[PDB]
Amino acid sequence: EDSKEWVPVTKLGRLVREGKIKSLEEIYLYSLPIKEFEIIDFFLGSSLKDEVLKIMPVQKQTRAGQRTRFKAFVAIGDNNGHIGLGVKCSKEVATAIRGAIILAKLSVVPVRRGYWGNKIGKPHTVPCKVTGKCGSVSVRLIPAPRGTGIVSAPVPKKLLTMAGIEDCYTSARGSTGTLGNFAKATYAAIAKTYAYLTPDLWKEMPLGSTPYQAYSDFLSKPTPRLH
Amino acid sequence: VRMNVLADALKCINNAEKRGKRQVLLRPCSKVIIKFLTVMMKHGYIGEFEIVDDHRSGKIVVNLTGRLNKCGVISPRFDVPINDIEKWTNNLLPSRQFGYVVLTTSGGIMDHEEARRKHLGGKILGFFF
Amino acid sequence: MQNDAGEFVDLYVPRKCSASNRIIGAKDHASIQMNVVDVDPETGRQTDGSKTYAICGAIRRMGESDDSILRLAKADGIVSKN
Amino acid sequence: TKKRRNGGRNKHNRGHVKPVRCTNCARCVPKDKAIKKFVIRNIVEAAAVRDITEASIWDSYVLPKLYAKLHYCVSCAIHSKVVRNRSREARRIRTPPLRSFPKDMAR
Amino acid sequence: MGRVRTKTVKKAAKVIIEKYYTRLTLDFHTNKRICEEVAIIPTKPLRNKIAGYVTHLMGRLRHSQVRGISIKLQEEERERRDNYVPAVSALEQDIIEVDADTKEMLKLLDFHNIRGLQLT
Amino acid sequence: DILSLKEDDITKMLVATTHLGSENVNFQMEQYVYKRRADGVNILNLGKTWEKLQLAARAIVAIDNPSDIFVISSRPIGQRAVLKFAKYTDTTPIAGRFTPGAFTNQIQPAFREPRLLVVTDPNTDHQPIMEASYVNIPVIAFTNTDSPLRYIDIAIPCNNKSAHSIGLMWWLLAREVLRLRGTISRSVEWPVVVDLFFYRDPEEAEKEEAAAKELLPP
RNA sequence: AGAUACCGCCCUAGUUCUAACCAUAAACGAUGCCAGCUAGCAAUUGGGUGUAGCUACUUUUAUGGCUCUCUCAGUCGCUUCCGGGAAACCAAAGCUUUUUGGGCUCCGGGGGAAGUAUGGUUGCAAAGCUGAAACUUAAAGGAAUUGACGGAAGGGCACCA
RNA sequence: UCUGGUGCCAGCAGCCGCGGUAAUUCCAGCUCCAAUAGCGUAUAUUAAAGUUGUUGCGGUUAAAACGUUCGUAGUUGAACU
């Protein structure tokens, strides 16, 4: 579904195209930026569904007199634990949608889900209680026990089915009638799921393999060589 | 003035680990607070601390790892029986996987996992996870 | 996060800092993984495998990653003579 | 909102401080909330000075200087353009600049 | 009264720094005529605006050339540059004139505990 | 051990003013100062730089592709030692401007993906070091005893103000980076004398003829 | 046009001092007090202690002045947090974790009607400390952004100046 | 974004808002959607309400630190067996 295959302009986009790595989490393990959007729809994209949230107009006062940029909020998500928001203003509503999907496909972050008191059968919701702010709106996330279907407003209802989480209790402080700043306040919580130092992660680790230095003089070539 | 030694040596721990120091100086080490760290020492969170013995009140120079997230005190020391011990683990601790609420039960200073098997109740002394 | 038959099946294991053990997030774009190799005793004959240190962004953004390698290097045998 | 961390100026550990009178306006503005100009001026313009040093009997008679201090209302120092309407990042600069010229305001 | 050649005359003014450094000289009427073969000017009377500049270009070049251009010899005089003064080293060789206390630095730091000297 | 103090090039430390620093001591950097004399000046521990120059030698090597290891000095006093770090190595030199984002942009054709910057003085050009924490790249640096040590590792405390100082251990960092997988047969005295790596002149002061000639005729 | 105003003249109560009353100010840092912690950088107020650092001269010393170096209590200043906040911004206005917890006290609950009416109390008075409702209302407000580009300063332009 | 009617009218609308001879909001026709032997309206009350705050708010500028300090009742009080 290329339909025309595109050149890797960045470094590790070539390694993706070279087949140097088949692990999307290997990018997440060393926290190096996915910079071009053609990276992840090679790794993912098999009917990976997204839906627009919020395309309400945004104006600016000029001399003759008021011109509109339509700002879009799109939300893309893997149902096995990846998430993204799209934030892009444009001229008209078609390129507002399509322009943010690239931004949605670049902000894709893994989701840590887990257990609460019972280590039985496909880790479900959240390992702990997390929250995240952006502009007065905080959203704590509570690990709900099994089969306790989503307890949130419709803006993180459609967002947390896209996150690989079974169920949730949530308690959203703030002005959540701003339907775009509500969505971005959930992500600072879910991005903290791989930032909470549980005692599940107190061993040292195999330290990583350094994908630069491990695949170094196989990039001493000057060619953009694929398979 | 210091209406708690336990607050003025647990925020002093917690303020010095969010900056990531490796040693905290606490003052002035009531034997209430030594057996609070000894609960935290034997669950990994705290290194082997040292009590400098000046004959005024004491000082401790407490080593630590960096596994701590929020190690505060509850005040005032609410008397908690055994049947309402889980209303104070639900709304306080992050998940029932880990974390502790430390109690001063009738036997000693202990956490909420050892007290619910030994079947003791007491006052809430603080919390750490 | 374990299950019945003892399994890390979350998605992966994130790195942790070498001198503070803070977890490096998925979007910590200021995370250094330096690689340092020692020598055969006098000078030369460079081995393979690096005595690798890793440091998150918040230690650099406060700025003591300079010293944070220096006394890692004392115990590990990288650098003596201070 | 609080446009300055100073407010006026120097009102710390005083409570309340003495006022002086403006020159052009004759207000009663604080001593510290005051555009002050310790004006040093030559008496004889230094361009008609050769007319006067002609008439000097003595060793060309080096000329005395005029000395005053110009306590200013703020609304009457903006009006006389001792100070003006800075930018919000240029608002924060106090000591720069001297850095202009030889002796100004004489002329 | 422009007082510099104003609009977009660097279509030719920075292609003659290396691609046409030679093939012209200081004469204005020579490089009036060499411009017609190097680029297809489709309407010509732009030609002398993009020819008359060399009177200002080569004059600015031959004495104290200004930023942003290469002539293949402006620091290919680096081949005639590497002066090796004998013998640029510690000429006093130990050295004696030092910060008047740093001998005791190099007592503890250093075995080389040679002759010293101090000035305040 | 012959990573030792090595007296054969410690006498050059004493002439090129590498044992002095600013009156600003910079609270992140008092393990590097040995003493503060009169005149407010700081005699820095250049012996502590000895382990750090060998650490700077160890830091560049073990990277198997030495093309994406960058040396930078934006301020013009060190813009000659940066250029002749490439006549030894595969390292790309950059002097002058950067066009930010020199790393954090992909539409442009001037972007680079390096792995370890080597900045001569960080307070002069931390504006690409601020770009050097969006793409997970360490910044080794030479530092005076006043330096903003945000994002940098490892700082090296010599002098970083005089032209003889920055000229000296830029060659010495170029020395042991070619003693480390460069194999010059065990530190044989170089064909390149101690300051070909040097700032040519206070341009343009006293400068006689080429090839180091004196004044024979009157 | 008007001018019980601004501007100009002599002036009265007042400003002045005493002995009482009054008890309010944008009485402001629009930021209660004691306590612990958390960072840089530079200045200064006060005290202490090593500088044969200088240095005035009874002879150098005793002192005084400063010099850098410390040290207490700070107060200013500026820079950004692993800070926080809606922002403006603030070493506190942070440590208010993942509804948190050192202690104590006061005050607010959309806007008006209103600090009114009324009662009580204080006062020589002016007035002060207390202090509602009826009815009305879908907004009032805060910090910021773009235009508006006016006794707003700056830098420029034109015979529709 | 159905069809006729009316034309800041008649009226509708909890609030925002509609209506001024093309009305997606009125009045009717043709349809449609919710719950269904049900459902609509009025008053009260609980949740919503992190807008009463023990859990759990706010008080530099949005409503809010007494002008100031003493001070009893009260509330809180260093370590030590």
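Give, as residue ranges, the helices (runs of 4 or more DSSP H) completely inside the stretch A:6-45 that count at least 2 residues that are buried (at least 18 other Cβ atoms within 10 Å of the Cβ) and more than 16 Å from the chain's Cα centre (by Cα). So the answer is A:12-18.
For the list (1) more than 12 Å from chain C (Cβ to nearest Cβ); (2) crowded, with 23+ Cβ neighbours inside 10 Å; (3) not basic (K, R), I need the number of the one condition that F:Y151 fails. The failed condition is (1). Residues in the stretch B:54-65: is at least one within 15 Å of RNA strand H (Cβ to nearest atom) and either in contact with a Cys (Cβ under 6 Å, 6 or more places away or on another chain) or in contact (Cβ under 8 Å) with a residue 40 or more places away in the chain (or both)? Yes, that holds for at least one residue. Given the criteria away from chain B (no Cβ under 14 Å) and more than 16 Å from RNA strand G (Cβ to nearest atom), does A:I120 qualify? No. Could you identify the single residue in B:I51, B:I33, B:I46 that is more than 15 Å from RNA strand G (Cβ to nearest atom), over 23 Å from C:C17 (Cβ atoms) and of a type outside the set (G, A, S)? B:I51 is the lone residue from the list that is more than 15 Å from RNA strand G (Cβ to nearest atom), over 23 Å from C:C17 (Cβ atoms) and of a type outside the set (G, A, S).
For (1) away from RNA strand G (no atom under 13 Å from the Cβ); (2) of a type outside the set (K, R); (3) within 21 Å of C:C17 (Cβ to Cβ), each residue gets a yes or a no:
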{"position": "B:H55", "(1), (2), (3)": "yes, yes, no"}
{"position": "B:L68", "(1), (2), (3)": "no, yes, yes"}
{"position": "B:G72", "(1), (2), (3)": "no, yes, no"}
{"position": "B:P94", "(1), (2), (3)": "no, yes, no"}
{"position": "B:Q97", "(1), (2), (3)": "yes, yes, no"}
{"position": "B:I124", "(1), (2), (3)": "no, yes, no"}
{"position": "B:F127", "(1), (2), (3)": "no, yes, no"}
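For the stretch F:159-190, taking the residues that are among the β-branched types (V, I, T), more than 11 Å from chain C (Cβ to nearest Cβ) and not in a helix (DSSP H, G or I), the one that is farthest from F:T11 (Cα to Cα) is identified as F:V177.
Checked against (1) more than 16 Å from RNA strand G (Cβ to nearest atom); (2) over 16 Å from F:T143 (Cβ atoms); (3) within 11 Å of chain E (Cβ to nearest Cβ), F:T17 passes all but a single condition, namely (2).
Among the residues of the stretch F:196-218, not one is away from chain E (no Cβ under 14 Å) and crowded, with 17+ Cβ neighbours inside 10 Å. Inclusion of C:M62 among residues that are more than 7 Å from every other protein chain (Cβ to nearest Cβ) and closer than 29 Å to F:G47 by Cβ is warranted. What do you reckon, is A:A144 aliphatic (A, V, I, L, M), surrounded by fewer than 21 Cβ atoms within 10 Å (Cβ to Cβ) and assigned to a loop (DSSP other than H, G, I, E, B)? For A:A144, the condition - aliphatic (A, V, I, L, M), surrounded by fewer than 21 Cβ atoms within 10 Å (Cβ to Cβ) and assigned to a loop (DSSP other than H, G, I, E, B) - is met.
The one condition from (1) touching a helix residue (DSSP H, G or I) at 6+ places or on another chain (Cβ under 6 Å); (2) within 30 Å of F:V193 (Cα to Cα) that E:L91 does not meet is (1).
Among the conditions (1) surrounded by fewer than 24 Cβ atoms within 10 Å (Cβ to Cβ); (2) without any contact (Cβ under 8 Å) to a residue 24 or more places away in the chain; (3) within 12 Å of chain C (Cβ to nearest Cβ), the only one that F:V193 does not satisfy is (3). Evaluation of A:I120 against the conditions (1) of a type in the set (A, V, I, L, M); (2) outside any loop (DSSP other than H, G, I, E, B); (3) within 28 Å of A:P199 (Cβ to Cβ); (4) more than 16 Å from RNA strand H (Cβ to nearest atom) shows that the sole unmet condition is (2). Of the residues D:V49, D:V82, the single one that is within 16 Å of RNA strand G (Cβ to nearest atom) and of a type in the set (V, I, T) is D:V82.
Meeting the requirement of 1 or more residues that are in contact with a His (Cβ under 8 Å, 6 or more places away or on another chain) and either within 14 Å of chain F (Cβ to nearest Cβ) or under 25 Å from F:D39 (Cα atoms) (or both), the helices (runs of 4 or more DSSP H) wholly within the stretch E:33-120 are E:102-108. Taking the stretch B:10-50 as the range and being assigned to a strand (DSSP E or B) and either within 11 Å of RNA strand H (Cβ to nearest atom) or under 12 Å from the mean Cα position of the chain (by Cα) (or both) as the test, only B:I46 passes.
Residue pairs whose Cβ atoms lie under 6 Å apart, sitting 6 or more positions apart in sequence or on different chains, and linking a residue in the stretch B:28-51 that is under 19 Å from B:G99 (Cα atoms) and within 14 Å of chain A (Cβ to nearest Cβ) to a partner that is assigned to a loop (DSSP other than H, G, I, E, B) and more than 8 Å from RNA strand H (Cβ to nearest atom), are B:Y45/B:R67; B:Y45/B:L68. Residue count for the stretch C:7-59, restricted to those that are more than 9 Å from chain A (Cβ to nearest Cβ), closer than 23 Å to A:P110 by Cβ and over 13 Å from the mean Cα position of the chain (by Cα): 2. The set of residues in the stretch A:190-222 that are β-branched (V, I, T) and within 14 Å of chain F (Cβ to nearest Cβ) contains only A:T210. Of the residues screened, F:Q106 is one that is free of Cβ contacts under 8 Å to residues at least 60 places away in the same chain, of a type outside the set (F, W, Y) and part of a loop (DSSP other than H, G, I, E, B).
FYI the Cβ positions are ideal-geometry reconstructions off the backbone, even for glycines, and counts take in every protein chain you see. Throughout, read-outs are computed from the coordinates displayed, never taken from laboratory work.
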